[PDB]
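**Q** The structure that follows is given in the form of structure tokens.
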Amino acid sequence: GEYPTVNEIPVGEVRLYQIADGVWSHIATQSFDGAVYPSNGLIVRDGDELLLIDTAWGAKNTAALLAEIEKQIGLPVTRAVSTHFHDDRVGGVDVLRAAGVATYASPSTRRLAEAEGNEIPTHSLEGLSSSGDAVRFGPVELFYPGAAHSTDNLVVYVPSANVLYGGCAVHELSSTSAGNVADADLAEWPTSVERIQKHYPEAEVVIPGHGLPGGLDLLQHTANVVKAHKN
Ligand SMILES: C[C@H](OC(=O)CCCN)c1cccc2c(-c3ccc(CS(C)(=O)=O)c(Cl)c3)c(C(=O)O)[nH]c12
Ligand SMILES: [Zn+2]
Ligand SMILES: [Zn+2]
């Protein structure tokens with residue numbers, strides 16, 4: 001009943017983890033450049049429907065996600081938000097779009113996904129283009145903290161449960177490096193994390209884009225590992 005780790009999930013299977021009432025994470029694994037990585041997303045109950053945050057990193061993983069949701073929860077996924085343009089966030093959007101899910105991302109994410117050759121969410125989320133912006137989306141708040149892991153990364157807060165989903169701007173406590181920094185801004189990242197800390201001081205659970213949830217310490221730890229990576 002502990003949170004599931006990379007070696008416990010074969011590539012292609014998806015597990016769900018109950019975070020709070022009406023809030024789950026989803027965990028899947030994928031191969032990239034010859035190594036296997038876990039990744040997280042979020043599911044938030046929206047009355048008799050579900051809001052999905054992020055794909056399960058690939059088409060077959062995302063199909064498996066939908067099946068796992070049907071088995072474990074049994075409510076329809078009606079909308080999905082992708083929190084940046086990388087394949088661990090948008091790979092699977094075409095599966096979602098063929099299963100009746102309306103897919104959303106910021107215009108910045110949509111442009112970057114298109115330029116990269118990744119799958120492209122259908123609908124643009126306006127109101128998020130300046131750092132510190134926040135908008136409501138069903139049962140969550142979407143927040144743009146500034147450039148961090150990527151220039152487009154969004155953060156999601158579930159106010160009913162004080163759950164902060166940091167996405168790939170936030171690392172797990174065991175991390176020793178800042179993950180895949182190919183598209184990152186290591187210089188701005190600590191400032192962006194500080195904006196998150198200031199905006200969401202009552203967060204009780206913090207979920208990283210990859211690895212184990214914890215508390216607010218994940219934010220400071222992230223700042224620490226990024227500053228040492230830049231060095
Ligand atoms: C699909 C994604 O592509 C990119 O990001 C740039 C693609 C450029 N064409 C990706 C592919 C493969 C791996 C990742 C990782 C990752 C996460 C955690 C760790 C452990 S640790 C202790 O370093 O935190 C590591 Cl090693 C990597 C992350 C992330 O950091 O969000 N994104 C990853
Ligand atoms: Zn990424
Ligand atoms: Zn990531």
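Ordering of the structure tokens sets the chain letters (A, B, ...); residue numbers start at 1 within each chain; ligands are numbered from 1 in the order shown.
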Which residues are close to range 1-14 of chain A, i.e. within 9 Å by only C-alpha atoms, leaving aside same-chain residues fewer than 4 positions away? Reply as a VMD selection string.
**A** chain A and resid 26 to 31 36 to 39 56 58 60 to 62 64 to 65 67 to 68 211 to 213
**Q** Go ahead and save the residues from that selection, with C-alpha atoms, as a PDB file, in the first residue's frame.
**A**
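The result, written out as part.pdb:
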ATOM      1  CA  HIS A  26      -1.552   7.708 -11.509  1.00  0.00           C
ATOM      2  CA  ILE A  27       1.837   6.035 -11.948  1.00  0.00           C
ATOM      3  CA  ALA A  28       3.279   4.412 -15.032  1.00  0.00           C
ATOM      4  CA  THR A  29       6.695   3.562 -16.423  1.00  0.00           C
ATOM      5  CA  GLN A  30       8.336   4.191 -19.752  1.00  0.00           C
ATOM      6  CA  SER A  31      11.593   3.563 -21.562  1.00  0.00           C
ATOM      7  CA  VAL A  36      13.229   3.130 -17.558  1.00  0.00           C
ATOM      8  CA  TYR A  37      11.584   5.881 -15.580  1.00  0.00           C
ATOM      9  CA  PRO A  38       8.395   6.227 -13.517  1.00  0.00           C
ATOM     10  CA  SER A  39       6.090   9.210 -13.934  1.00  0.00           C
ATOM     11  CA  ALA A  56       0.644   8.201 -18.596  1.00  0.00           C
ATOM     12  CA  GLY A  58       2.687   7.030 -24.168  1.00  0.00           C
ATOM     13  CA  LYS A  60      -0.428   2.257 -24.728  1.00  0.00           C
ATOM     14  CA  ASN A  61       0.188   3.461 -21.169  1.00  0.00           C
ATOM     15  CA  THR A  62      -2.594   5.998 -21.528  1.00  0.00           C
ATOM     16  CA  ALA A  64      -4.063   1.292 -19.794  1.00  0.00           C
ATOM     17  CA  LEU A  65      -4.687   4.345 -17.572  1.00  0.00           C
ATOM     18  CA  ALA A  67      -8.844   0.994 -18.244  1.00  0.00           C
ATOM     19  CA  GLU A  68      -7.472   1.240 -14.712  1.00  0.00           C
ATOM     20  CA  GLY A 211       8.726   9.787  -7.802  1.00  0.00           C
ATOM     21  CA  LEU A 212       7.254   9.795  -4.313  1.00  0.00           C
ATOM     22  CA  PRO A 213       4.832  12.412  -2.911  1.00  0.00           C
TER      23      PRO A 213
END
**Q** Quick one: pick out all strand (DSSP E or B) residues within chain A from a backbone DSSP run and write them as an MDAnalysis selection string.
**A** chainID A and resid 14:20 23:32 35:46 49:53 77:81 102:105 123:124 134:137 140:143 155:158 163:167 205:208 214
**Q** Find the spatial neighbours of range 100-116 of chain A, counting only C-alpha atoms, within a cut-off of 9 Å - ignore same-chain residues fewer than 5 positions away - and output them as a PyMOL selection string.
**A** chain A and resi 76-87+90+93+95+121-129+151-154
**Q** Kindly provide, as a PyMOL selection string, all nucleotide and amino acid residues lying within 9 Å of ligand 1, counting only C-alpha atoms and all ligand atoms.
**A** chain A and resi 30-33+35-39+57+85-89+91+116+149-150+167-184+208-211+222+225
**Q** Check the smallest atom-to-atom distance from each of A:19, A:223, A:41, A:145 to ligand 3 using only C-alpha atoms and all ligand atoms, then report the winner.
**A**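 Smallest separation from ligand 3 among the options: A:41.
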**Q** Name the residues of chain A that come out as alpha helix (DSSP H) in a backbone DSSP run; write them as an MDAnalysis selection string.
**A** chainID A and resid 59:72 87:90 93:98 107:116 189:199 217:230
**Q** Have a look at CA of residue 204 in chain A and CA of residue 18 in chain A and let me know their distance in Å, one decimal.
**A** 14.2 Å
**Q** Could you give me, as number ranges by chain, the residues within 10 Å of residue 73 in chain A, counting only C-alpha atoms and dropping anything in the same chain fewer than 6 positions from it?
**A** A: 16, 22, 24, 45, 50, 67
**Q** Rank A:148, A:72, A:228, A:197 by their smallest atom-to-atom distance to ligand 2, using only C-alpha atoms and all ligand atoms, and report the top residue only.
**A** A:148
**Q** Would you kindly return, as a list in words, each protein, DNA or RNA residue with an atom no farther than 7 Å from any atom of residue 205 in chain A, considering only C-alpha atoms and excluding same-chain residues fewer than 2 positions away?
**A**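 Counting only the stated atoms, we get residues 162, 163, 164, 203, 207, 213, 214 and 215 of chain A.
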**Q** Separation of CA of residue 25 in chain A and CA of residue 44 in chain A, in Å?
**A** 8.7 Å
